[PDB]
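One structure is given here, and the rest of the page talks about it.
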2 protein chains.
Amino acid sequence: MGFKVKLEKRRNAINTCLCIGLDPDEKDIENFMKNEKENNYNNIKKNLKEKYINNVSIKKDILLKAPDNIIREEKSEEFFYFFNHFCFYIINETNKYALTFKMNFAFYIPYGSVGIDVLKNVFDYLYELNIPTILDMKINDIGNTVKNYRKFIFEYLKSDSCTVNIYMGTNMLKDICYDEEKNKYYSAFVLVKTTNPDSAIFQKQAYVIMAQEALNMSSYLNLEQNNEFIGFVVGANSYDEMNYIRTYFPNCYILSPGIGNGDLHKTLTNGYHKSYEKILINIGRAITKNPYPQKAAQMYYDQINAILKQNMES
Amino acid sequence: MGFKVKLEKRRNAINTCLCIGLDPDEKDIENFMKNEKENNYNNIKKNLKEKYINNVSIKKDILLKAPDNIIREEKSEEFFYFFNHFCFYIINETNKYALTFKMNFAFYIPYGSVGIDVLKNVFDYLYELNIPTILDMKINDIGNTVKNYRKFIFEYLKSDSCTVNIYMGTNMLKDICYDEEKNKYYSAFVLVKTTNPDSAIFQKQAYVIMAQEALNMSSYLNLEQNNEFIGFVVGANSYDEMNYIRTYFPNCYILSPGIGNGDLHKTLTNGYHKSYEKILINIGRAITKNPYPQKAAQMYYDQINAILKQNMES
């Protein structure tokens, strides 16, 4: 298979480049738990009705139980239960509008092992749905060490891709995007330090040099001829560089976070490609913190669809 | 208390700047398990004899059980049991020679939640021993997001410090080294991209500019007047820059990995400070992969002690 084909197939199915950020914080998990009591568990019920909850591989028995007997018959699992169910709830509500889901590792590690159990189920649940995944972990270390991340991200989680910080060098990508032993190829987006509108105006630039080296690495690793890629993480408000990157590297993959305050049209237009899986537009909290998540997602899906229409021709 | 005082106290106790890297890989945990059978569990026995195993807060009951009934009466915990015990074994054998222990997060995440349970116990065990800790996680993200790392590292793990990659900007440090709500101050080492002996010879430099901004941040955050600091992660073979950094930033804290092939004297001498907690020399696998870990540690402790002697005056 391979992330390039996976992205093209789903783009041809649902015609968007919306990437939905799944970054649940402590207040999301508590606020979910609170109005799932005031709801008589309206949303957890629906979660309970989908094939796929039966296919997550960590503490499934606990997840499958009814909420009312979870509260009082398993208090040490209440947080686990409600964390995991909040994420399914967002996935169930929004997935029809999402080209990809991006999970930031930061939101899943601060409670210890427990959030990592959740993460794994999230990636299991998304895998069954065959929804393209990005783990936003921004991994960075020397080659020998980063292989632990390749294993966690691509073997344990079975992610399609991850974000990587290559400040200290590109060679780390060898051991992230490629496994010699298994003959496996994985995709990544590298962080690019770009200017914002403030810093743009204040007095081969360095990021162009680092971007070339990343794509040279992709080429060296034969990634594309194996349907994988190394792309770029380009800030939504970095209009100049977004445009320069799309111009100078015509067919590169971009992931663009930070719209949520942002001008959607301006970001998507500067990074536009007719194969618009190449310009992923990440929206997190504007969807996941909206009291109506499916509707918030539709709205962005629709906004994006109008911009693509205009870009295709106007 | 505070990492600066903590480091000074222990330096005055054991007179070294040896930092021991605890990076256990799959082959370490398997090789430990194998010759703990051929040992009739000689090392796990000793682990079992220390106050402190009684103070780790995750699955203690399992850790306390005898190995022989762990093998057959708890097979789903064998890996957990042997991972955790390998780390205590290294800590018990080597801690007398270590100014600090550094744990690379990469080695604890690739198995899922399980290695994170281990990590927490490692940091619990080191905390009781009052041994100064560094979590080498190289965290990097926007301010709001990195607060999840501050919580995991400084609240959950109760680490003294961490490593940070500030390529995308210094402002992230605000939310890593400082907590407004709690009035808390934490220490970090930032990655510096330096040349090696190959790249040194091939055609304010950028790393000097980034280093200044990090120390400006330390100052802005009042870290030092709260006994905390932001220091630098400087590669052992980066002799030129090591020296430039120690010269241009006289009283900065350096952490220097990568000796293990390296010239110990050359690294320590270029970064030397009479307060030699300011030049931590990390040795990982040369100790942890040595069939005699305590002896390997003594040897490096002794080598370091000779170099400090020479530097103090010659």
Side-chain angles (χ1 to χ4, degrees), chain A residues 21-29 83 102-116 118-119 135-141 145-146 148-149 152-153 162-165 167-168 191 233 257 284-285, chain B residues 3 102-110 113 115-117 119-120 122-124 127 133-182 184-191 214 217-218 221 223 228-231 233 255:
Chain A
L22 190 39
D23 298 343
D25 65 22
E26 247 190 42
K27 311 220 267 167
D28 294 323
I29 308 154
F83 193 168
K102 177 174 79 65
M103 275 63 62
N104 194 309
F105 181 83
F107 301 78
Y108 300 80
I109 189 79
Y111 316 109
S113 66
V114 75
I116 302 295
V118 182
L119 187 55
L135 186 78
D136 195 355
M137 195 168 182
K138 300 173 171 73
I139 56 168
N140 69 108
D141 214 300
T145 302
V146 285
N148 302 118
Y149 293 125
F152 170 70
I153 292 170
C162 64
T163 54
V164 185
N165 183 332
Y167 164 70
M168 293 291 291
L191 306 189
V233 181
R285 297 169 285 189
Chain B
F3 198 35
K102 177 174 79 65
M103 275 63 62
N104 194 309
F105 181 83
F107 301 78
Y108 300 80
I109 189 79
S113 66
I116 302 295
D117 280 328
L119 187 55
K120 167 59 172 168
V122 167
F123 271 79
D124 283 349
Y127 187 89
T133 51
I134 310 168
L135 186 78
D136 195 355
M137 195 168 182
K138 300 173 171 73
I139 56 168
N140 69 108
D141 214 300
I142 57 168
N144 176 56
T145 302
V146 285
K147 281 159 161 253
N148 302 118
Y149 293 125
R150 184 186 64 192
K151 178 172 42 166
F152 170 70
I153 292 170
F154 294 115
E155 287 176 35
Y156 183 75
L157 292 189
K158 286 202 263 67
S159 195
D160 298 306
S161 58
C162 64
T163 54
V164 185
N165 183 332
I166 57 162
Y167 164 70
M168 293 291 291
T170 300
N171 290 325
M172 72 177 67
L173 296 163
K174 290 190 214 211
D175 298 317
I176 292 159
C177 294
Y178 181 54
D179 178 349
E180 186 155 18
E181 162 192 323
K182 301 219 257 278
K184 292 295 288 276
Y185 302 84
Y186 314 108
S187 293
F189 302 87
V190 305
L191 306 189
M217 178 65 34
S218 177
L221 296 177
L223 286 190
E228 302 290 342
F229 61 76
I230 285 155
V233 181
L255 165 65

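Throughout, protein chains are lettered first and strands after them, A, B, ... in sequence-line order, and every chain is numbered starting at 1.
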## Note on the structure
Between the CE atom in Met137(B) and the CG atom in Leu119(B), the distance rounded to the nearest 0.5 Å is 8.5 Å

### Message
Just checking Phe154(B) against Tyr149(B), ring centres under 6.0 Å apart?
### Response
no

### Query
Can you say whether the rings of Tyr108(A) and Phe83(A) are parallel (under 30°), tilted (30 to 60°) or perpendicular (over 60°)?
parallel

### Query
Atom SG in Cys162(B), atom CD1 in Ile139(B): separation rounded to 0.5 Å?
4.0 Å

### Task
Could you grab the distance from atom CG of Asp28(A) to atom CZ of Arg285(A), nearest 0.5 Å is fine?
10.0 Å

### Task
Have a look at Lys138(B) and tell me which of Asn140(A), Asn165(A), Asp141(A), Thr145(A) forms a side-chain hydrogen bond (donor to acceptor under 3.5 Å, both in side chains) with it.
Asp141(A)

### Task
Would you kindly say whether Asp23(A) and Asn104(A) are connected by a side-chain donor-acceptor distance under 3.5 Å?
no

### Task
Let me see the working for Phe123(B) and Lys158(B) under side-chain contact (heavy atoms from CB on, under 4.5 Å), right down to the final yes or no.
CA-CA 7 Å; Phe123(B) 271 79; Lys158(B) 286 202 263 67; over 6 Å; no

### Query
Less than 4.5 Å apart, any side-chain heavy atom of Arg150(B) and any of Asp179(B)?
yes

### Query
Can you tell me if OH on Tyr127(B) sees more than 12 non-hydrogen neighbours from other groups inside 6.0 Å?
no

### Task
Enter the distance from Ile230(B):CD1 to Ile176(B):CD1 here, rounded to the nearest 0.5 Å.
8.5 Å

### Message
Between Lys184(B) and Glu155(B) (salt bridge meaning N to carboxylate O under 4.0 Å), is one present in this structure?
### Response
no

### Message
So which atom in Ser113(A) and which in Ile116(B) form the shortest heavy-atom distance, rounded to 0.1 Å?
### Response
N-CG2, 3.6 Å

### Query
Less than 6.0 Å separating the ring centroids of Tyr178(B) and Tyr186(B)?
no

### Task
State the CE-CG distance between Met168(A) and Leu191(B), to the nearest 0.5 angstrom.
5.5 Å

### Query
Are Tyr111(A) and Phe152(B) an aromatic pair by the rule of ring centers under 6.0 Å?
no

### Atom pair CG (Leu255(B)) and CD1 (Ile134(B)), whose distance is rounded to the nearest 0.5 Å
4.5 Å

### Query
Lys174(B) and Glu180(B): salt bridge (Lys or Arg N to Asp or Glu O under 4.0 Å), yes or no, with the steps?
CA-CA 9 Å; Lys174(B) 290 190 214 211; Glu180(B) 186 155 18; over 6 Å; no

